[PDB]
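Enquirer: Pasting an experimental structure with its sequence.
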Amino acid sequence: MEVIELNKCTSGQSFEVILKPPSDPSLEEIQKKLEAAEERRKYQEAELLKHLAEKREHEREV
Amino acid sequence: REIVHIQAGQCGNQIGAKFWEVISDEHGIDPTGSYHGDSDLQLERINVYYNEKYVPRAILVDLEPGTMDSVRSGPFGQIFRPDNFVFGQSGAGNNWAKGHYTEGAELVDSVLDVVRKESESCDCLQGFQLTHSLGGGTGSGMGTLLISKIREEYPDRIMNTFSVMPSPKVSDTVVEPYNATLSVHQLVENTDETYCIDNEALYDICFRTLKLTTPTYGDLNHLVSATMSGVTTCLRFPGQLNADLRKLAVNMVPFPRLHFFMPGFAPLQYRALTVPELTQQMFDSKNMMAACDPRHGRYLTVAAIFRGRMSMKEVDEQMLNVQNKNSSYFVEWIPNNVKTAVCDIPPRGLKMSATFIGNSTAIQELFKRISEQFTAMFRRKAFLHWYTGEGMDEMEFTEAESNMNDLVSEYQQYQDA
Amino acid sequence: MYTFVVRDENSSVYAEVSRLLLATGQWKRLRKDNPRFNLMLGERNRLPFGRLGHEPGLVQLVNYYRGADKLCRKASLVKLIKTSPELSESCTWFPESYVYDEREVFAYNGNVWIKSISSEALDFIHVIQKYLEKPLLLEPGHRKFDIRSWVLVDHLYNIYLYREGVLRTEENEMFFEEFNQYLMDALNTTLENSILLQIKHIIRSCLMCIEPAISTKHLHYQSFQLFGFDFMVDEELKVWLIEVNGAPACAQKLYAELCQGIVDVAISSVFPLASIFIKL
Amino acid sequence: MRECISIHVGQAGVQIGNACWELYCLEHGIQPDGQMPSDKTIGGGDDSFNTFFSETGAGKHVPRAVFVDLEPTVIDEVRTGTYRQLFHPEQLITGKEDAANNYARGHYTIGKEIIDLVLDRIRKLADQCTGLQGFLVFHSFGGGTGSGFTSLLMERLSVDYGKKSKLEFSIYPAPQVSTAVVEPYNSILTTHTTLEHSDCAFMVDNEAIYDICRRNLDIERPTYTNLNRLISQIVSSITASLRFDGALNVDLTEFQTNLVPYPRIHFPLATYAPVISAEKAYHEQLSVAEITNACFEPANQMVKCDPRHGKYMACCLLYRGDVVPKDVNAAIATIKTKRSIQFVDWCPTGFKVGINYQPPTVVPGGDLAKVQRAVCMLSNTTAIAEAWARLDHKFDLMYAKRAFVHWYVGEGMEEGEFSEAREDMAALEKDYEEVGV
Ligand SMILES: Nc1nc2c(ncn2[C@@H]2O[C@H](COP(=O)(O)OP(=O)(O)OP(=O)(O)O)[C@@H](O)[C@H]2O)c(=O)[nH]1
Ligand SMILES: Nc1nc2c(ncn2[C@@H]2O[C@H](COP(=O)(O)OP(=O)(O)O)[C@@H](O)[C@H]2O)c(=O)[nH]1
Ligand SMILES: O=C1c2ccccc2CCC[C@@H]1Cc1c[nH]c2cc(Br)ccc12
Ligand SMILES: [Ca+2]
Ligand SMILES: [Ca+2]
Ligand SMILES: [Mg+2]
Ligand SMILES: [Mg+2]
């Protein structure tokens, strides 16, 4: 068991004791994927308003 | 996080009014709108349901004036905002089409004017709560018409209903199965959470358990009051969790169409119940308000709220207890699907109570029941002229029968997965 | 009422343990993949030890010791006995062995040998042992044999040696009463004195060696496990260890007694309800 | 001196952050009004504590901190709490409505509305730094904000401070204090999206802390306050070297150098001892040997798992209190002959030790008794993969039926991001098994 790199100071000490040795996406890419998700939301909401508009016309026809 | 409350038709306004009688008492608000409470827990989330005196964020809707004159004359009748009574004169004749297509269509825009002025002055609108029955014509037909207009105008708010299901045992007319089947089709597409309150179960609890030989609608509605109070405790009182309508929906609804919950309450009073009794009664078929045997299906999700001063350790022990003997009855592919919440303020006249909310595939029994009664008449096209006289075609009936049989299919597949 | 699952469907022993448990009226068996169990009779391979002991409100018990493989895989066992100081290089009861390695150091100056037999040295492209040239022969028949002992290790790391061991070589199983009587008449000694002391020493030594690596004393789930040791007896009545089996079967007549001893000591010790072993 | 910025995201990150900065103030002697009587350099400095505190001309000591929550209830209690005077109103950042336990909502929908403001508030701290090292990010795996917004924030920090280090403190989800069925989903989504952006991440399993509070503090139902004060102690041991004089782990780059030889395997296991009760009437003070040995008991780990059945890639011992090197090597010597402690071959078997002589500090009136010597072990074991396997299994159970998927798709996510995230995790479990068995 060997001790190395012993460092002392007023607050304490540190050291290393050895037991045995050895044998990014750009801001635009982010921007694309975020906006492709918001498009998907709006597509879904446009579909919902579309089916609601159909329901409105059936209400008129009845 | 304000909630806008709507009550429509006879049943919707009678249960809605008891609800506001119960929670106003819990929150210290008196029949005049003035507060006389002793704790501030009573006021920390008072805004969820009340506007500042305190006036309920409530809209009262009917096609007749009868029941609303009652409400205005009953216990807390003057608590309600007079501008928020929206009604016509001719009624809907227990007829879905009159509520959804003719009579109701004439009145709906005015209702949305009151809904709009209530939403505008909301700092952060959670969404909407509707009380109504599915068997008549206003709560059913006009009620679901409102839900369609609210979703179109507020597509990104939560829509929640307390929906009373018809039953031959306590029945006003033979066309209730038609009205309910048309309504369930709407509810499956346009609500996030529906509390299925079955008049059969309410009757049986009053008869077999409470020992009431002639249960009135007021006895039935006292049970609905307690359950509605219990089921909204977390929204109205401060908790470690921040319960709101959207979090409930996210955690309770794994599949968008399967959002019909089985409520239950305990106890149905000088000996307070011990925590073991609460948890045992709560999950007892006899304590649930939809008339489905939970042992006939599997829980997808469950939320349980305990009210009063008790050992949270024994709550957890008993909650963990009950899961590890009825594990045959919770789906294994939704890990940890039982949530537990506690609140220190008990409801009036109880030191201990518990409220169950279950998303169980046993609820399919209830839709099957409606489907059989429906098919029995529709096979001979009986009583249809009441609806074709308002402009409806048979096809819309066949479509609603098909969509509800599908709903039952969907509940059945997850029960075997 | 306790809960348990079954995930080795074709284990004779825990087939019988599950049966006994049900007939208690106090144990229900769940589906393989329901996590809300007290007890797991686990698969023999890739047992998911890392998912045990994370269920709030459930004391969980399992019928295998994570890490016991080091004793039940021939390659691992030889590494353990050569390399562990508690067993020393050559501990006098394990045949000198070589583990795809050691070819060079494989002192080959009687030089017969033996899997995972010949006399000349490797074309089976596994470990290599000294075949015991001079075993002990039951007469009449000049017949070989080996000895199977069942050992149960409970959650407390108690070591339980089943008093019924089998000898497979007659009815080809010879049990202890017969074998003891033979040794007395044939050799003037007992089964306890000439053989069992060595066996109990070997079982102790192996299981105490690995105890720090597999003990579940302060773990968040608990383990027990049934082992099967196999020995050969030579002609100077010296006992040798062959292999340790981590998922053994029992002999036919003994399936009843030993599966009861498992419930008694390994299971009901942890999950109590409303001796056949020798503690080592 | 080189500054570090701390970013607290969501309820868990904010409440844990409250606990840490309170503890920092008690340890550095900074009063709730930001004054520091022992700081003789009024109005500036390049002392060690200045890594975490800037200074005003009026002598106020301000955390280099940003608090972010998508809803305002939790960060409001900091606006009005006992440390309101500590922070500049605009390092606390709140919005209108939260993410509703939904990763997609915190990341895609409600996230884009606030990401630029938060980056602006962060940039305002970075310009007050002579040589910023990087960030310490606190969040839950399980919340909508903690998972969804944090991974969004991590992406942009890589873009805006590509050369800075990013450490995480992550609260891993436990049913006995959980808040959503969908936390396994959020957990995986956010690990997948954040992995390449994080240099080193300390996972704290709520299950482990909860049981350490019941077992060693005799608290029957532990609160967040109990959980978070104990977590504050582990965090404070980990960060003590950035805030105090010393030579071990003195900057954020040294955490990666000392604990992370492979970039993706950057999840060190933290173990801490000792944890005692303040209401323990009579208590015997444990020895260096006793507390070091306690570092190898799973019951003291921040994550339950069995390090005997994996391999170490690095071990670090951080002592506070009455500890001299000789005791530590005597306790190591002895434990090496009792414990199965196996390193990977291409790594030296041994320990890095740091000792700070100031013993741990305790919140007055809290639940932790004052001790004369404590230790936090940081070790990179392959055993921590047990927690990924647990979490990925729960994810598989739900995703095989698509349960709850529609809530994420409804915010603009595609199912592909689920299976992509889950596949990255499957790769992460493989990497661990390569190195470990
Ligand atoms: N340790 C600890 N865990 C917490 C705390 N608060 C919440 N959690 C855990 O955090 C996980 C998710 O919750 P939060 O972090 O509260 O969620 P959030 O980020 O605010 O997200 P939303 O509220 O969904 O927007 C759950 O596992 C909780 O158990 C805390 O103060 N301490
Ligand atoms: N539980 C309960 N059910 C009611 C009440 N009033 C009516 N019902 C039921 O409500 C249904 C009839 O609808 P109703 O509310 O009367 O009609 P509307 O005015 O057309 O909405 C039937 O199934 C009745 O059994 C009530 O106060 N409580
Ligand atoms: O907000 C809530 C709420 C709202 C209104 C009434 C009652 C409650 C119950 C308390 C908790 C939920 C939300 C929640 C979080 N995690 C969960 C896991 C399951 Br399973 C079910 C639900 C939840
Ligand atoms: Ca008209
Ligand atoms: Ca200074
Ligand atoms: Mg009526
Ligand atoms: Mg939050």
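Expert: Looks like it came in fine. Numbers count the residues shown, from 1 in each chain, chains lettered A, B, ... in the order given. Ligands and ions are numbered 1, 2, ... in the order given.

Enquirer: burial of the residue in the stretch 151-280 of chain C that ligand 6 sits nearest to, as a residue count?
Expert: Residue of the stretch 151-280 of chain C nearest ligand 6, by Cβ to the ion: residue C:274 (55.8 Å). Backbone N, C-alpha and C define where each C-beta goes, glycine included. Counted with other Cβ atoms under 10 Å in any protein chain shown, the neighbours of residue C:274 add up to 5.

Enquirer: and the residue nearest to residue B:133 when sequence neighbours are not counted, what element?
Expert: Spatially, and ignoring its direct neighbours in sequence, residue B:133 is nearest to residue B:11 (3.6 Å; Cβ to Cβ, 6 or more residues apart in numbering or on different chains). Using DSSP states H and E, residue B:11 falls within helix B:9-26.

Enquirer: Residue B:264 looks like it's in a strand, true?
Expert: Yes - counting by DSSP: H, G, I helix; E, B strand; the rest coil, residue B:264 is located in a strand.

Enquirer: quick one: which helix or strand includes residue D:171?
Expert: strand D:165-172.

Enquirer: Quickly check: the helix or strand just after that strand near chain C or not.
Expert: Next in sequence after strand D:165-172, counting helices and strands by DSSP H and E, comes helix D:183-194. No - using Cβ under 8 Å from any Cβ of the partner chain, helix D:183-194 stays clear of chain C, with a minimum separation of 12.8 Å.

Enquirer: quick one: helix D:183-194 to strand D:165-172, angle?
Expert: When axes from the mean of the first three to the mean of the last three Cα atoms, to 10 degrees is applied, the directions of helix D:183-194 and strand D:165-172 differ by 170 degrees.

Enquirer: Skipping its backbone neighbours, what lies nearest the residue of chain B found nearest ligand 7 in space?
Expert: Closest to ligand 7 within chain B is residue B:242: 6.7 Å, counting by Cβ to the ion. Nearest residue to residue B:242 in three dimensions, chain neighbours excluded: residue D:73, at 6.5 Å (Cβ to Cβ, 6+ apart).

Enquirer: same check, this time on residue B:226
Expert: residue B:265 (5.6 Å).

Enquirer: Against ligand 6, how distant is that neighbour?
Expert: 25 Å (Cβ to the ion, to the nearest Å).

Enquirer: residues in contact with that residue?
Expert: B:223, B:226-227, B:230, B:282, B:287, B:289, B:353-356 (Cβ atoms under 8 Å, 6 or more residues apart in numbering or on different chains).

Enquirer: So which of those residues reach ligand 2?
Expert: Among the contacts of residue B:265, none lies close to ligand 2 by the criterion of Cβ under 6 Å from any ligand atom.

Enquirer: so of those residues, which ones are in strands?
Expert: B:353-356 (DSSP state E).

Enquirer: Quick one: the helices in the chain, in order.
Expert: No chain specified, so I'll use chain A. A:27-61 (DSSP state H).

Enquirer: oops, chain B please
Expert: Using DSSP H, helices in chain B cover B:9-26, B:66-73, B:96-100, B:103-120, B:143-153, B:176-190, B:199-204, B:217-236, B:245-252, B:275-282, B:312-323, B:364-378, B:385-388, B:394-414.

Enquirer: can you check the stretch 251-400 of chain D too?
Expert: D:252-259, D:288-293, D:325-336, D:385-399 (DSSP state H, counting those that start in this stretch).

Enquirer: Could you list every helix and strand in contact with the longest one?
Expert: Yep, that's helix D:385-399 we're talking about. helix D:183-194, helix D:415-436 (3 or more Cβ pairs under 8 Å, 6 or more residues apart in numbering or on different chains; DSSP states H and E).

Enquirer: Who are the packing partners of the shortest one?
Expert: What that stands for is helix D:183-194. helix D:103-104, helix D:150-160, helix D:385-399, helix D:415-436.

Enquirer: so how far is the next helix-or-strand element following that helix off the chain centroid?
Expert: Of the helices and strands lying after helix D:183-194 in sequence (DSSP H and E), the nearest is strand D:200-205. Between the centre of strand D:200-205 and the centre of its chain there are 5 Å (Cα atoms, centre = their mean, to the nearest Å).

Enquirer: Can you report how many residues lie near the closest residue to residue C:89 other than its chain neighbours?
Expert: Using Cβ to Cβ, 6+ apart and skipping the chain neighbours, the partner closest in space to residue C:89 is residue C:82 (5.7 Å). Close neighbours of residue C:82, defined as other Cβ under 10 Å, add up to 18.

Enquirer: how close does residue C:82 sit to residue A:20?
Expert: From residue C:82 over to residue A:20 the distance is 18 Å, taken as Cβ to Cβ, to the nearest Å.

Enquirer: for residue B:200, same thing?
Expert: 76 Å.

Enquirer: Could you check which of the two has the larger neighbour count?
Expert: A count of neighbours by other Cβ under 10 Å puts residue B:200 above the other of residue B:200 and residue A:20, at 20 against 12.

Enquirer: In contact with the more buried one, which residues?
Expert: Contacts of residue B:200 by Cβ under 8 Å, 6+ apart are B:165, B:167, B:169-170, B:291.

Enquirer: that older thread, from memory the residue nearest to residue B:242 sits against residue B:240, does it?
Expert: No - using Cβ atoms under 8 Å, residue D:73 is not in contact with residue B:240, being 11.9 Å away.

Enquirer: Could you measure from the residue nearest to residue B:242 over to residue C:252?
Expert: 69 Å.

Enquirer: Comparing the two, which residue is more hemmed in?
Expert: For residue D:73 versus residue C:252, neighbours defined as other Cβ under 10 Å are more numerous around residue D:73 (13 against 10).

Enquirer: burial count for the residue nearest to residue D:129 when sequence neighbours are not counted?
Expert: In this structure, residue D:129 finds its nearest non-sequential neighbour in residue D:3, 3.8 Å apart by Cβ to Cβ, 6+ apart. Residue D:3: 21 surrounding residues under other Cβ under 10 Å.

Enquirer: what do you get for the one 10 residues further on?
Expert: The tally of other residues near residue D:13 (other Cβ under 10 Å) stands at 29.

Enquirer: For it, identify the helix or strand it belongs to.
Expert: helix D:10-28.

Enquirer: what's that helix packed up against?
Expert: Using 3+ Cβ pairs under 8 Å, 6+ apart: helix D:10-28 touches strand D:4-9, strand D:61-63, strand D:65-69, helix D:73-80, strand D:134-140, strand D:165-172, helix D:224-243.

Enquirer: Next up, the contacts around residue 21.
Expert: All of this refers to chain A. D:348-349.

Enquirer: That was the other one, I meant chain C.
Expert: Here residue C:21 is in contact with C:2, C:4, C:27, C:29, C:263, C:267 (Cβ under 8 Å, 6+ apart).

Enquirer: Show me which residues of the stretch 51-200 of chain D sit near ligand 7.
Expert: residue D:98 (Cβ under 5 Å from the ion).

Enquirer: Tell me the bridge partners for the residue in the stretch 51-200 of chain D positioned nearest to ligand 5.
Expert: Proximity of the stretch 51-200 of chain D to ligand 5 (Cβ to the ion) peaks at residue D:55, 5.4 Å away. Bridge pairing for residue D:55 (DSSP bridges) gives the partners residue D:61.

Enquirer: Give the full set of residues in contact with it.
Expert: D:39, D:42-45, D:61-62.

Enquirer: between those, which is closest to ligand 2?
Expert: residue D:62 (60.4 Å; Cβ to the nearest ligand atom).

Enquirer: For chain C, give the residue positioned nearest to ligand 3.
Expert: Closest point on chain C to ligand 3, by Cβ to the nearest ligand atom, is residue C:56, at 14.8 Å.
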